[PDB]
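K.L.:
First the structure, which I've put down as structure tokens, then a few questions once you've had a look.
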Amino acid sequence: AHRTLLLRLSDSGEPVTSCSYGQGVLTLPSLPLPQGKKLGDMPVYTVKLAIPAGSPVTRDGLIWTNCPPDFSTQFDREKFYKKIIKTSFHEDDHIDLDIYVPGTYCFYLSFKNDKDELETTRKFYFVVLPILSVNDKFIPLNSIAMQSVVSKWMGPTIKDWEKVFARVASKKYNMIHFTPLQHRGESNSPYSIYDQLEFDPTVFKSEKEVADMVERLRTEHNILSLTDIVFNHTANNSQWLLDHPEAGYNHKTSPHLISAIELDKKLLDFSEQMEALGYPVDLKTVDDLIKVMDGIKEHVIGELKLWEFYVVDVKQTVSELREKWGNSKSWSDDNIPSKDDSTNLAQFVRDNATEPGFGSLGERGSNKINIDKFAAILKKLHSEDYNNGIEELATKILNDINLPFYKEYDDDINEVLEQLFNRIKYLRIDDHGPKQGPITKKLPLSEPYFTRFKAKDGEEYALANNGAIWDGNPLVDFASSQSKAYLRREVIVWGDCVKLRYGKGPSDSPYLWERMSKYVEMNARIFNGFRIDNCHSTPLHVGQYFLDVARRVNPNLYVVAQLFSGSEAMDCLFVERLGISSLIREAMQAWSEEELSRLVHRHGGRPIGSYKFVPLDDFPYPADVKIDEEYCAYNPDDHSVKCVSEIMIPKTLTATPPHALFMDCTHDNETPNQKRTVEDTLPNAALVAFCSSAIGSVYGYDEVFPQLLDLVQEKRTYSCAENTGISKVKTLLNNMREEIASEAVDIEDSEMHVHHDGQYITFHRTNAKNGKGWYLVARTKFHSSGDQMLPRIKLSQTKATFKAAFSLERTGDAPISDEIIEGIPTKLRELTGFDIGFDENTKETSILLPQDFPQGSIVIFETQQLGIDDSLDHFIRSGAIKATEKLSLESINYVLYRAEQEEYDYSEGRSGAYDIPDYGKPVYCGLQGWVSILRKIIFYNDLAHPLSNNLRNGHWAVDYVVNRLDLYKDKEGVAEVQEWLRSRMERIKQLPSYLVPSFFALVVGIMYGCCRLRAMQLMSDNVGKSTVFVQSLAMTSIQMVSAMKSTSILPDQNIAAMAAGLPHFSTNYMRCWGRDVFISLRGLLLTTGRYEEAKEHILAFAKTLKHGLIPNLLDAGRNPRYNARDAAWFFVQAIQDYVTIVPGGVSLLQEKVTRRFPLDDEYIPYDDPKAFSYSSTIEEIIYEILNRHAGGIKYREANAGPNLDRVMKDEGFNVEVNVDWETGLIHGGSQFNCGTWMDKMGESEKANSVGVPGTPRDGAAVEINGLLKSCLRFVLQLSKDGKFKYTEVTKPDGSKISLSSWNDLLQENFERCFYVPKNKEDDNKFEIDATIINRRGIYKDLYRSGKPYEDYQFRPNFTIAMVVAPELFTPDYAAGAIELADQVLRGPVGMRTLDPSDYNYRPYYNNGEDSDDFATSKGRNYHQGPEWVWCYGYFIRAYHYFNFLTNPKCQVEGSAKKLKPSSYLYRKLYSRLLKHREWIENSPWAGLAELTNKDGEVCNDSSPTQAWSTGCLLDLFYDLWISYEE
Ligand SMILES: OC[C@H]1O[C@H](O[C@H]2[C@H](O)[C@@H](O)[C@@H](O[C@H]3[C@H](O)[C@@H](O)[C@@H](O[C@H]4[C@H](O)[C@@H](O)[C@@H](O[C@H]5[C@H](O)[C@@H](O)[C@@H](O)O[C@@H]5CO)O[C@@H]4CO)O[C@@H]3CO)O[C@@H]2CO)[C@H](O)[C@@H](O)[C@@H]1O
Ligand SMILES: OC[C@H]1O[C@H](O[C@H]2[C@H](O)[C@@H](O)[C@@H](O[C@H]3[C@H](O)[C@@H](O)[C@@H](O)O[C@@H]3CO)O[C@@H]2CO)[C@H](O)[C@@H](O)[C@@H]1O
Ligand SMILES: OC[C@H]1O[C@H](O[C@H]2[C@H](O)[C@@H](O)[C@@H](O)O[C@@H]2CO)[C@H](O)[C@@H](O)[C@@H]1O
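For the sequence shown, the UniProt record's numbering gives the first residue as 3, with consecutive numbering after it.
Here is the structure:
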């Protein structure tokens, strides 16, 4: 049905970790195939990759993967396959990788670099676990019970083995591991295989004989089987080692070990004649070792020629020097240092006059000097005559060359004999282990480092045996040339083995690779899996090829590994590439009771009440996504992986720790009897079995065998004593786990708590889905440490039930049968007396232990949490979509956002945000305020966060989420959204307190995703199908557009109104500024589809026209303020943006709007009937601006005084505007009025800045006239199409200028008046005074302003005209100027409001500073350095247009040669929005800020989410979509 996992990829192609589960491996869940389906009838899993839109890997991007395309295709490690990434700047691309058979699969990416070269990412691996079933029942990988048995101790007949089989079948083990059943070598140890392709002839003969026995175990006792596979060595007496002696490391294949061979045979030649002339054979004296090492420091070390293996033969170089005296003379260079610098001189001869392999160990005299090149230097340095002190000089050089070799020799020798007298002690003289057997044909003084034989080729060989080191890195092959192990004698050799030499591939050892393959695929035909001993010592490429060969034979191969790498990462990397399915963990390794508790905690599961993952605000919500209406698209028999909620966002694939196979005792560690006692066998195996993983045990652990059986020597047979030891308990433990394996699935479905009080260890196991669980109390018997009483066990909101209890007791010692390995007699005594109290008020359960609970005892309780039933996951993950059905884009504002001051408007000052103790308040009262805090908590599973603490300390926040919506209950769909929350929050409170936090975030997160999806559904298609970064900016519309009670856009009705920004510009009069509204009107409402809401805003300000202007501070129409020379032209520009985008937008012009003002600019006749008298259509309103602007406007700030502005003096009150018709631009403003977007009013009394405007923009602002040209260009085409009835503007005096002529006057004079030429030659045409100038290639900021140097200032204001009126700009002048702004005025997220070179560059805004610095005090520096995000929008808007026309690399066109940009241009756009993507991504407030200090430093005062800061970035995405994505 639906077995699809989502694997999100980063901008660099790396997988995204959805949760922090630690250093892990991308593993896919072990689930059975669907009902009646075999391998091949359908895909096992579908990995859906997600590549971001516009990422650097989209540029000519491909997806490589070794996943075979279909089931008919086999697997090859290097046979990758191409997949095309569908590039887009809006829509992310999904690519499926259907998997048909388990194994190891990797993927990498190829893309086009910024250097236009090819580049590749890492190989990223993911593993699909095999499907284990015995008769037909699926065996979950974490319900496996493995019983390891040694072959040579089970009787010499097949039926003798089937007696041992029936014994472990009663103990209810489901899997058996075998030591390899092959013909064993000389030592008969099970790991020195005589012939890998021949099974042990004592028992079986044919291959069907062993295959029929393993299938018998499957059909008789329901037991799967697996075997050890030996890669690293073979027996030291194989009849094929004589034919192919090159399969191992010999003097030919690895010549560096020759120095170690002549030393090993210097001891087999010494340990048989040592005492003959020496003295001590086997004495237990310190002096005996000294004289033995004195016999060593005189007959082996000193008898090997001072080791010429390092030192250059001094006198044999001078002899070979003079022998020719360099007939080939060839040095005239001066690269030789002076003879004084004897250090570099020695290195110089070493770097030039040496045969290849200098320093590299090989033959006896393999480090020699190139004579013809050495005598050439000697003739150059000293003399061309030999008798001129060459014998002294040449020897002086070589002696200094061998000084680092003489000291490398002393460091080697000191380690050879120090390792010797340290092991021969432990080998013989009982330090802690004795057996002092003297000289022998099997036990000399030194163990055999090399196996000697005479091969069939005739020559003699000396293959080495493998072993181990101490703390040495196991990845380093000690048998390779990189290690000096066999020489320095640091090898714990295993004589029965012979280190097998694999190369870089089958090319280095052909017969070894061919024989091991046929040996691996022979066992793969029979068994269900393998066990790899010392896998960390097997090289990766060796195991990768052989495990793939096995999986091609057995597709469901189950691999267990003994993996000990230095880091968890290397262990993960080994599991990633090799395809390992289980990592062995040993319980006997814990030295104390505390270490076993920590080992148990590691593989036990996740904490109780652990957080669950939910797609929050970090996911794209496509409006065209499938859904399960009531979590009903999951039939059980389909075995489909479930999505998180009703929204079918598939289950994310994240790196999880590799699965573990916990062994209470392996076949190599000592017996509980040896390390601890025989009593601890019961609690140890009880804590092991309770873990959430696979378990295993060696045979003899349950039967309480005496001591660890030596796998080399012993020949005794297992005893047939049935039901001994723990056999009765393991039958209860394994059968219990069989019931749990039915419903325990994912990592979030198995929770656990462990406690350690002395010799007791507590294990609480819990299934998070149903509430079921077990409680285990195990008293550990490491040492008999006296009577200890455990306190009262108190369970919260739970009920307990006694299951069983036991105690293992020793009834003396074990028999000493020399024919059968019998165990220790043990009594299994069932216990009682466990008092289970249950308070029926607090629902608390108390458990008390009886005084008779000795060490080596356990007791098991079956628990069940109250409140949690099986139908709880279904109730919470359903109904949220239907609840959000009636939501509107306005109503979703109250569900998710609402700042605290906005909430106070509806609650009259009684509610606000739920103050989380020891933290603060969420940013929004809605769900978003929780989600921003909850996401990083769920990611880190932080149950210690103050939010998690408060959630389990009470139910205050649980009811606060539901009780807020009483303020907004009457709005569209909120009542049904609140009702869903109320019913789910009610069900949550009936749960244990520690489980409220995990379920609280889940209920909030699911209702959040269905609300955010409801937003993409109501909005348009360009938004709903885009990337998270686009949808994140789109939600700002819902944020800003909110109905209030203290304000609105209409004076008669409190309807929806757009805020300038949260939280400061959201309440009362300071909410909707006309300038801020209409700059954002195209980005927040038009780009998203809020046409009706955008029309209401246009009609609302149309009633407030006065002085031929649109008011800045809109007082909902109830007496506003008209200090806005900028508002009217951003307002009329939004009219053009409305008609251009909205289908049928021309209807706006003929929309009557009740003119609440006498057109003759009067005072404030508010309720006077003249307000409700006449109206003016938008058409009239538009022309009213133009005609009155240049024609007739003359006003002082109406109804002024401190009531209006307190600081702005009377000089700023009387302000005006006039168009110089000899240029056509809109001049106006005073040096006392800040009627532009840079509206700053001084207020520092301590600097005499009171009333002084911070940035007065009198004259012709680039933005004002730029929007005027766009207005004129629009109104012309309006009449050409047949609407706008006006064509001539009335001149002030009484004349009549034409509109197209006014449109032409700007076109003929605008760029002439503003542009500053880069060349001083053309300063005579563009009206420039070169004395007051800053940078050339600059478009002006103001024309004939008050202070003429504010004219020639680099500011981001010109780019508004570059976007609304591109016809005023010649391409090369505009592109050359916008590149300067990108190099100077562009911050990371905000646009610098002033050139950093200009003296007035104060880029640190501080409105609390009340000092004497004119700018910094009281925030006068507002627009003199600080970086604003909205100007960045218009900047990159024109950066797209002009760099498209100008530079040709940004062009490639395509279909119908429609001009479409290139990947290089999209790469220049994407790279300038990632600092913006970061901001909203990692900001609590979901949005971009109003301000930003120098280089993105968070301005403390800046409103964190601003309207026109985000709408200006949404404007860019509409251009790239409406002009190319067709
Ligand atoms: O509602 C009726 C109202 O009547 C009178 O109103 C006028 C004010 O007295 C008058 O000063 C002016 O308001 C000015 C404002 O004083 C001025 O400083 C400037 O606005 C700037 C700030 O200068 C600037 O520091 C910054 O302030 C933000 C801050 O950055 C932000 O982090 C957060 O702290 O919020 C602060 C604002 O609260 O930005 C603002 C952006 O405007 O210009 C304003 C005019 O545009 O005009 C008022 C006109 O009614 C009474 O005086 C007033 O008390 C009554 O409330
Ligand atoms: O109650 C309103 C207002 O009354 C007072 O303000 C007035 C001044 O007292 C009065 O002198 C005058 O001040 C202005 C000058 O007439 C004008 O020529 C120019 O110099 O600007 C002066 C300041 O505006 O008129 C104002 C009108 O408000 C009183 O001081 C205020 O506190 C009080 O709010
Ligand atoms: O102060 C001179 C210094 O700053 C300049 O910028 C302004 C200056 O701040 C004004 O006082 C006046 O001199 O006009 C200058 C140009 O607009 C320049 O940025 C700088 O090169 C100059 O040395």
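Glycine included, each C-beta is placed from N, C-alpha and C at the ideal position.
1) For ligand 3, I want to know if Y1401 counts as a neighbour, meaning its beta carbon is within less than 8 Å of at least one of the ligand's heavy atoms.
2) Express the C-alpha separation of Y127 and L993 in angstroms, rounding to a whole number.
3) For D712, count neighbouring Cβ atoms within 10 angstroms of its own Cβ and tell me buried if that reaches 16, exposed if not.
4) Does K427 come out as helix, strand or coil in the three-state DSSP assignment?
5) Check each candidate in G56, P45, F113, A147 and name the one with the smallest Cα separation from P104.
6) What is the C-beta distance between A625 and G1026, in whole angstroms, given that I count them as a contact (C-beta under 8 Å)?
7) State the Cα-Cα distance for the pair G460 and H246, rounded to the nearest angstrom.
8) Jot down the residue ranges of each uninterrupted alpha helix (DSSP H) in the segment 967 to 1039, minimum 4 residues, whole runs only, in chain order.
9) Going by DSSP, what residues sit across from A802 in a beta bridge?
10) Give me the DSSP bridge partner(s) of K114.
11) Taking 6 Å as the limit, name every residue whose beta carbon sits nearer than that to some heavy atom of ligand 2, in sequence order.
12) Which residue wins for smallest C-alpha separation from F73, given the options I101, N1321, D62?
13) So, does the segment 337 to 351 touch the segment 290 to 300, judging by three or more C-beta pairs under 8 Å?
14) So, using beta-carbon positions, are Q564 and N536 closer together than 9 Å?
15) Hey, would you say the C-beta of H876 is under 8 Å away from at least one heavy atom of ligand 1?
16) Would you mind stating whether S1505 and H1109 have Cβ atoms separated by less than 9 Å?
17) Considering only C-alpha positions, which residue in the set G814, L689, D815 is nearest to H757?
18) So what does DSSP say about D95, is it helix, strand or coil?
19) Just to check my reading of the structure: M754 and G607 have Cβ atoms closer than 8 Å, yes? What is that Cβ distance to the nearest angstrom?
20) If I'm right that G975 touches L889 with Cβ under 8 Å, what's the distance once you round it to whole angstroms?
21) To the nearest angstrom, how far is the alpha carbon of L243 from that of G250?
22) Is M791 buried or exposed, if buried means 16 or more other CB atoms sit within 10 Å of its CB?
23) Is it buried or exposed for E1411, if we count other Cβ within 10 angstroms and need 16 for buried?
24) Could you pull the DSSP bridge partners for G839 from this structure?
25) Using a Cβ-Cβ cutoff of less than 6 Å, which residues in the same chain neighbour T1225 once the five nearest sequence positions on both sides are dropped?
26) Taking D789 as the reference, which of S819, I749, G858 has the closest Cα?
27) Who are the Cβ neighbours of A171 in its own chain at under 7 Å, not counting the five residues just before and after it?
28) Starting from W66, follow the beta strand (DSSP E) in both directions and report where the run begins and ends.
29) Give the range of the alpha helix (DSSP H) segment to which residue 1549 is assigned.
30) Measuring alpha carbon to alpha carbon, tell me which of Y899, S594, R812, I838 ends up nearest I763.
31) In whole angstroms, what separates the C-alpha of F77 from that of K114?
32) Between the alpha carbons of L219 and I178, how many angstroms are there, rounded?
33) Can you tell me the Cα-Cα spacing of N1321 and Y1403, whole angstroms?
34) What's the C-alpha gap between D510 and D573?
35) Can you give the Cα-Cα distance for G835 and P142, rounded to whole angstroms?
36) At the level of alpha carbons, what is the spacing between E277 and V283?
P.N.:
Per the coordinate set shown:
1) The answer is yes for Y1401.
2) Distance between the alpha carbons of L993 and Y127 is about 40 Å.
3) Counting the other CB atoms within 10 Å of its CB gives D712 a total below 16, which places it among the exposed residues.
4) Reduced to three states, the DSSP call for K427 is helix.
5) Of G56, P45, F113, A147, the smallest CA-CA separation from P104 is found for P45.
6) Here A625 really is in contact with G1026; their C-beta atoms are around 3 Å apart, less than 8 Å.
7) About 12 Å.
8) List check, alpha helix (DSSP H) in window: 976 to 991, 998 to 1020, 1023 to 1026.
9) Looking at the DSSP assignment, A802 forms a beta bridge with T865.
10) In DSSP, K114 forms a bridge with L120.
11) Those residues, listed in chain order, are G1203, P1204, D1212.
12) Residue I101 is the option with its Cα nearest to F73.
13) Of all C-beta pairs linking the segment 337 to 351 to the segment 290 to 300, fewer than three are shorter than 8 Å, placing the two stretches out of contact.
14) A contact, by the Cβ cut-off of 9 Å.
15) Between ligand 1 and the CB of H876, the shortest heavy atom gap is not smaller than 8 Å.
16) Between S1505 and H1109, the CB-CB gap reaches or exceeds 9 Å.
17) That would be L689, whose Cα lies nearest to the Cα of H757.
18) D95 falls in the strand class under three-state DSSP.
19) Confirmed, about 4 Å.
20) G975 to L889, Cβ: 4 Å. Contact.
21) About 9 Å.
22) Exposed, by the Cβ-count rule.
23) That one is buried.
24) Bridge partners of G839 according to DSSP: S848.
25) The residues are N1311, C1315.
26) Considering only alpha carbons, the answer is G858.
27) Result list for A171: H223, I225, in chain order.
28) For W66, the uninterrupted beta strand (DSSP E) segment begins and ends at 64 to 67.
29) Since the first and last residues shown for the chain are 3 and 1528, residue 1549 lies out of range.
30) Checking every option, the nearest Cα to that of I763 belongs to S594.
31) Computed Cα separation, rounded: 28 Å.
32) Their Cα atoms are separated by approximately 9 Å.
33) Straight-line Cα distance between these residues: approximately 26 Å.
34) Answer to the nearest angstrom: the Cα atoms are 27 Å apart.
35) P142 has its alpha-carbon roughly 36 Å from the corresponding atom of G835.
36) The C-alpha of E277 lies about 6 Å from the C-alpha of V283.
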